[PDB]
Amino acid sequence: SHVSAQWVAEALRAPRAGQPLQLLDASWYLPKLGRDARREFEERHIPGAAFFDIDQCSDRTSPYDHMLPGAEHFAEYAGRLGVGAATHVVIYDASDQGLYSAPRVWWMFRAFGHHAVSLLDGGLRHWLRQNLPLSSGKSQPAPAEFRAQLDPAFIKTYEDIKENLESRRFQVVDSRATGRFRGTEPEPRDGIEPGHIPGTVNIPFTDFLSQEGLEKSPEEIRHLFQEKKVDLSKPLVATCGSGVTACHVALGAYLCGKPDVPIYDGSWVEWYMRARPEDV
């Protein structure tokens, strides 16, 4: 479920009984962009939206940022943002690319057992170009009761990726920019070198998106995967810098008929730290 701006605009005008919408802004940026996602939500957001913060809704113990939270934590947090069992969640972000971190939160809702979840195609960027209405300020919806349960099949761990270098049970696509993957541009985290996990295929997340910031068609995405030597009939896992834009690979495959693309949540930052490549 990709929904258009026009879909969301009508959903706002015309709710349907017993099945409320909750818009979430899940904007998140690497530090080097200098953006503050939460302050930007307060400057502007789509009316009714709440801010979903991927760095707060995450594992409380791990030293890695935005690792999947426990189910109880996820349910508490989503509930406090006004998402209940009956809620159709629609997620966007305000990225320059159209959607950047929203797919991650779409993927998290699915992983915790909530399938009534969609993505606003083109995000706030497209919304703004359409001259659609904005609100501002902090936005606190009525608390709701949410039940969550993690399906572990949505996740791959370091060990899984490590053992897969031998067994090759699944294909692995990395959605980072070509420069970071190939090791010719820096990783934007302190201490981490660029490069890639051996045997992975680079499909920058930007390849799934138009010039205008809109998701490509299912057939275009199909051909993208073909041109990259990835076979959608065999198992497929996605990885990136830190488990965020890898969810674009999961989304692209989903829209092609493949809903089972687990994410290496730890991603390059974990791989670099544990595997300690000396390559680059």
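Residues numbered from 1 in each chain as written, not as in the entry; some residues may be left out. Heavy atoms only, no water.

Structure determination for this entry is recorded as X-ray crystallography, at 2.161 Å resolution.

Would you take a moment to explain the nonpolar core for this structure?
Taken as a class, soluble globular proteins show a tendency for nonpolar side chains to be buried jointly. One finds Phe-52, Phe-74, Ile-91, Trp-107, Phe-109 and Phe-225 to be the most contacted residues of the largest nonpolar core, which totals 53 residues. Breaking this core down by element, the ones donating at least two residues are α3 (71–80), β4 (88–92), α4 (102–111), β5 (117–120), α8 (218–227), β9 (236–239) and α9 (246–255). Here this core gets 7 residues from one element, more than from any other, and that element is α4. Ignoring any residue separated from it by four or fewer positions in sequence, one finds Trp-107 in contact with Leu-68, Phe-154, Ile-155, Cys-247 and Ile-263. Core analysis: the next-biggest nonpolar cluster, separate from the first, contains 17 residues, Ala-5, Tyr-29, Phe-41 and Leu-124 among them. (Core = buried A, V, L, I, M, F, W, Y, C linked by side-chain atoms within 4.5 Å. Buried < 20%, exposed > 50% of the residue type's maximum accessible area, 1.4 Å probe, protein only. Helix = DSSP H or I, 4+ residues; strand = E, 2+ residues; numbered from the N terminus. Contact = heavy atoms within 4.5 Å.)

Honestly, the domain arrangement of the protein in this entry has me stumped. Any pointers?
Many analyses report the size of an interface as the accessible area lost when the parts associate. Each assigned domain of the protein is listed with its residue range as follows: domain 1 (1–150) and domain 2 (151–280). One C-alpha centre belongs to domain 1, the other to domain 2, and the line joining them spans 23 Å. Counting from both sides, the interface comprises 27 residues of domain 1 and, opposite them, 31 residues of domain 2. Between domain 1 and domain 2, a total of about 2500 Å² is buried, with carbon and sulfur atoms accounting for 66% of that surface. By the criterion of area lost to domain 2, the three top residues of domain 1 are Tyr-64, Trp-107 and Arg-110, representing 23% of everything that side buries. Counting across the interface, domain 1 meets domain 2 through 1 salt bridge. (Domains from an automatic or database assignment. Buried area = accessible area lost by both parts, 1.4 Å probe. Salt bridge = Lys/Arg side-chain N within 4 Å of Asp/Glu carboxyl O.)

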